[PDB]
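See structure below.
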Amino acid sequence: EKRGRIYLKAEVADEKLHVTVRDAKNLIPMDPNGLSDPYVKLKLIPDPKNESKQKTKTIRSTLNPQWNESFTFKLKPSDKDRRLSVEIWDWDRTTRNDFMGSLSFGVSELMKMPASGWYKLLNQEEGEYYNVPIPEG
Ligand code: NA
């Protein structure tokens, strides 16, 4: 149920999508040290050619990372049927990187209604399809 939460802003202006990844809180520890080394992957999906991926820096040893990083995607007409996917991963020195939590927004959803504030981190499948804002609480 409880994978923590992330603070994001996302808006579309002038056929560009702007996303700011501020910080996340209460991430689920996964490493044997009881912390994680989180980074955020941003994609416009579907992305069959794997050309849209961007990512934050990895912050080592925290469950409350503060990235304060901004990204821009140049949009095309076909993006009307795409989603911005936002996934937190755990960078792992000696094993495969581990999924922590995710969400997504309709590119068309964001034109009508920019994202701002706290969001609940969802499981990997869920997060490709929807988002759950956590207003004032
Ligand atoms: Na790690």
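For the sequence shown, the numbering used here assigns the number 20 to the initial residue and increments by one for each residue that follows. Just so it is clear, CB atoms sit at the ideal spot from N, CA and C, and this is done for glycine as well.
Please name the residue, chosen from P84, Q143, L61, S80, that lies closest to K72 on a Cα-to-Cα basis.
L61
Mind checking who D42 pairs with in its DSSP beta bridge?
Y26, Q85
The ligand NA site residues, beta-carbon cut 6 Å against heavy atoms
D50, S55, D56, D109, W110, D111
Inter-residue spacing [alpha-carbon to alpha-carbon] between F118 and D33
33 Å
Using a Cβ-Cβ cut-off of 6 Å (strictly less than) and excluding sequence neighbours within five positions of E106, which residues of its own chain qualify?
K60, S121
Just to confirm, are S123 and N150 a CB contact at a threshold of 8 Å?
yes
For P84 versus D42, is the C-beta distance shorter than 8 Å?
yes
Please name the residue or residues paired with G136 in a DSSP beta bridge.
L27
Which residues mark the beginning and the end of the beta strand (DSSP E) in which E106 is found?
102-109
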